[PDB]
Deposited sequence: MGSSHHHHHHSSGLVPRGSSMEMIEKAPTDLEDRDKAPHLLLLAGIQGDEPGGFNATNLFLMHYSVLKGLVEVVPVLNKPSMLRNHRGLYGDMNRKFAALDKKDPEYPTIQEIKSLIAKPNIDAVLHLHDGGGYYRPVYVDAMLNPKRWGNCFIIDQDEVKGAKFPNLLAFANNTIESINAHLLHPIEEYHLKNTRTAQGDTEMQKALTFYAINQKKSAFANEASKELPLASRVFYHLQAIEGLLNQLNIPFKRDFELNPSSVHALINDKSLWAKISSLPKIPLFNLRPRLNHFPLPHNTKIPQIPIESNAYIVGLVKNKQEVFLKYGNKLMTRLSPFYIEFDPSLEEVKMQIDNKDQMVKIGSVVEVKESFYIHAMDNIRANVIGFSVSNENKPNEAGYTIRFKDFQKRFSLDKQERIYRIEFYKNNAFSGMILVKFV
């Protein structure tokens, strides 16, 4: 289930004041440098004129299973393709984005093995390898707004190479001269783009690099190309591997599953038991929201995994149950003060809480034992192993009516 997100200026008229870039990653589901780079771009950059359309992950089902491509190589499906291929509709969506008049340029991100060199050096460094290179299908595309691919590529490479972490990481140009007999690249995404008279580029980050360094180079390539296109932008951080690592591992990231409260992505216990999910609903249909763009759910054996790209954030052991939406709010005393707490919220507790009883609603405070409404509850009353978090501060309160699920509230002890 890929999606397209627009990064555009605040003033809608400014969209036509600079070029339009389509930024794509994750066509292989095991190349996280690309789709963590698109994720950070969406979360932390602003486009001040023009437009950058972003598909953060093209092959989302494969990403969720940490798999190169569950239905084969999606980047060989842009030429001949049987209408019955399982990804045929996804390919049509991708082609439609690429071919729209409102796109000038396309940048396709990949992670690749070893380090490309134009001459054979050794097993890791040679023309067959793909890491740390910037790729075009040909030097010029007649009829594009910016036909000079080579000039753009050379300048983008120069920009990246001004920021090398180690000298082995030096970027080189790879021109696949696709039209001149490269039957594999003839089936891939950027050649389709060139044939729609878009300027098209791919960036490769080496798989020999740690994720933060891969993402660093992908972001250098994006910035280099935006600079060549004269698409002005800002970002809310300094571009170095330390900062990239911090932003990937951002403790403010959350996931909201169905009508449940937001849970933090990071520092969840590895397994969460008896976790309510709506029954008779296929997992890909369960709404899941996040401030990140590469989060989802996927079935694995008898568990449901919460994924952040290729990272496993927790294993849900599901409790499939009817989600009754009639209960909107619950009266709770929080640190002596009565308040109406909405179902699906998180309430911070310094001292204590007390849930007011409701006639046909039963409350289970998970980790508290004696209906558990009508008890004054403090941190020392909790069995800490029932916490959602490694920090042992976040606990679930679940409401039932009374063979159906009426909702959840989280308490966080602060």
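Gaps in the coordinates relative to the deposited sequence fall at 1 to 19, 390 to 395.
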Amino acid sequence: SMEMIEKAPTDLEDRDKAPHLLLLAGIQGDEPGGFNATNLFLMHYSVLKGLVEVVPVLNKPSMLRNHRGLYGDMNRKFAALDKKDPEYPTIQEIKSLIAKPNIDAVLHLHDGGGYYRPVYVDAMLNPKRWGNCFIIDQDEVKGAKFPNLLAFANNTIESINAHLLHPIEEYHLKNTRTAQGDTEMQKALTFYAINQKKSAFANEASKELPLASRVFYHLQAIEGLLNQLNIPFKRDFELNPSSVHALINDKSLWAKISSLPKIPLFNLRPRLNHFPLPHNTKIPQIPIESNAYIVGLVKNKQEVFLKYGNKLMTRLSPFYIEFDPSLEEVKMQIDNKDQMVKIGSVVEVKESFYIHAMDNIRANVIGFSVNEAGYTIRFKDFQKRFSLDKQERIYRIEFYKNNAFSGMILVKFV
From here on, numbers count along this sequence of modelled residues.
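In this entry, 360 to 368 shows the higher mean Cα temperature factor of the pair 360 to 368 and 61 to 69. Stretches compared: 84 to 92, 184 to 192. Higher mean C-alpha B-factor in the entry: 84 to 92.
Across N132, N227, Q302, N240, the greatest Cα temperature factor reported in the deposited entry is at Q302. Ranking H110, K207, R235, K337 by Cα temperature factor from the entry places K337 first. Sorting the modelled residues of the chain by their CA temperature factor places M4 in the lowest third. For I27, the recorded CA temperature factor ranks within the lowest third of the chain's modelled residues.
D389 sits in the middle third of its chain by CA B factor, as recorded in the PDB entry. In the PDB entry, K401 places in the highest third of its chain by CA B-factor. Looking at the C-alpha B-factors along this chain, the one for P147 belongs to the middle third.
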